[PDB]
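By convention in this document, chain letters (A, B, ...) are assigned in the order of the sequence lines, proteins followed by strands, and residues within each chain are numbered from 1. For ligands, and for the atoms within them, numbers begin at 1 and follow the listed sequence. Heavy-atom basis, side chains included; hydrogens, waters and symmetry copies ignored.
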Amino acid sequence: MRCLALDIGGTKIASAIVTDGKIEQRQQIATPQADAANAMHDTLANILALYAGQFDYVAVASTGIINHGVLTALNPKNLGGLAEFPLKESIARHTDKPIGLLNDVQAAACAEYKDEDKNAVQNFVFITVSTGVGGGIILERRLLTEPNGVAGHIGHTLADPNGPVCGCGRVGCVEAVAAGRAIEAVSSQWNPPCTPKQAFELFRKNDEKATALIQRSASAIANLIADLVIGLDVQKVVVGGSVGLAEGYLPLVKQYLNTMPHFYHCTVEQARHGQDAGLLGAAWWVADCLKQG
Amino acid sequence: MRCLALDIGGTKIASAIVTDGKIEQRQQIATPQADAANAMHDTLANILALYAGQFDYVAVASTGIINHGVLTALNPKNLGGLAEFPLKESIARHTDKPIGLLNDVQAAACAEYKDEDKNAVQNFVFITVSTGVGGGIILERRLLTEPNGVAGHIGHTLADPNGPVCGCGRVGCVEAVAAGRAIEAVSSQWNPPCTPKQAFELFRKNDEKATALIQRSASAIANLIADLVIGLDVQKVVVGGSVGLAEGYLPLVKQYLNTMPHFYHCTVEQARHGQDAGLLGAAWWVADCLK
Ligand SMILES: [Zn+2]
Ligand SMILES: [Zn+2]
């Protein structure tokens, strides 16, 4: 089975043929910015032409939210000229093979899940802690995507009803307490200012103020994990992203989780897939859909 | 098909034959307390005899948690002598038919979902706000139960990291700020003491202190609903229970929810099934599983 996988990001569009989880014929180009909507139709025409006859199906990971084949977002302006872009329709102009679309965190979730023992692990959550907090949720071995592609936006679940206002407008989201943006909102105000990277370095040197800031983030992620375990019977959580993978961070998350009653505990491990997670995860998911009907 | 439906509670065991969603031969007995574990094997044998040959399958709703046919709980001591009771095995002694088990809030969820237009509503949550807070979660038209029957315990998701300690041991659960037990933990300390029922009465008379207490509960339920909408793409939430159905409560929940950004919104409405929700929901779910 030959998959044309596309990974459409904020800056780069990666494309490849994926066969048996193996990547070939890589290309990377800039995500259209000038006349973005018009330009994207051209780009997609170009990509599908370049790979003509090379694929049995198309799988597309994209930042934002996929709502019935259309690119959208909680705040649509974060996508600029691609807000409400008719992604599946534009690709279908150029091929009659099946086309599956998911968002980039859902694709990364699938990349990490494909290597699991599916008999042992059927309820699985990927959390990325980066500039923001994103998630992808797999229950009974199947990714949650219906009906409108929003499932997995667990960065926007409540962390503290007295916490800061989130970028989305809700008071106290996980993302407003735990994300890199949230760490930098505090560390940038220090005298002198520090980046999140510098805050982590001080944390590893036992600076008490920097430690408090990292603990604020890690404890919020621990409480999200506990919610997922008790609300959904999640069995395993994998954590990635620049903050999620920072040295010392996941051990702190797991320390907070383990202080809670035993029925909130689950397997928590670091993400193992890198740049190609979107291509591989999207390819795995669409094939899974097709195999299942 | 003909369903023998059992609803096993902390005080009463109800049984009945359910066919085409209609109940026949409703019977109700006391939940065993003396020598409870031994006694329950007898009770179940008695019930299976009374309805012998009248059912194609058995469906059992129970308080607590169903883990691979065993009756359990987050704190199994809350079940007394029925902790870790081998429920499915005990019933299977007396019949060869299929047996499905789910917990009582999950069954209530299915009772409310059964009447929905399932083309339009596939992601559905039932929340009961009573002495505690419980839930049942349906996604893509199917109830969540795997692997260990815990899914839906959303009363133990976080409401406030600086809130009270929950009965389960976690700090700040929805249940520890929103449930009737949490309302009473505050109203019982008033001078003079008040019950939640009296707190609600004062709330409806614009007593500011009682209003703050009821608002604390409703706001926590609203934030739970928002978490489910944004985390799971839930389309409808139905709220029941003595607190949930109290006059003026759900309007207050919907008022807090509607003040959040619109992408947290969904349909929120009162529970419409009563005492038979466990029997009817369990019968519907097991039939749905049988397909
Ligand atoms: Zn938010
Ligand atoms: Zn709790």
Q: Within the 3.5 Å criterion, strictly below it, is a donor on A:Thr72 or A:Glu84 matched to an acceptor on the partner's side chain?
A: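 A:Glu84 and A:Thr72 do have a side-chain donor-acceptor pair below 3.5 Å.
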
Q: Using only atom types and a distance under 3.5 Å, with no angle test, would you say the side chain of A:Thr267 pairs donor to acceptor with the backbone of A:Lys236?
A: no

Q: Using a strict 4.0 Å threshold on nitrogen-to-oxygen distance, state whether A:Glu184 and A:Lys197 make a salt bridge.
A: no

Q: Is a side-chain donor or acceptor of B:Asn148 paired with a backbone partner of B:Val150 at a separation under 3.5 angstrom?
A: no

Q: Kindly check if the number of other-residue, nucleotide or ligand heavy atoms within 6.0 Å of CZ (B:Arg216) is above 12?
A: yes

Q: Do A:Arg170 and B:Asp227 pass the salt bridge (charged side-chain N to carboxylate O under 4.0 Å, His left out) test, and can you show the C-alpha distance, the side-chain angles, and the key distance before you say yes or no?
A: CA-CA 11 Å; A:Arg170 177 175 189 189; B:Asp227 291 352; 2.8 Å; yes

Q: Would you list the protein N, O or S atoms within less than 2.8 Å of the Zn ion (ligand 2), leaving out water?
A: B:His156 ND1, B:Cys166 SG, B:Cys168 SG, B:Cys173 SG

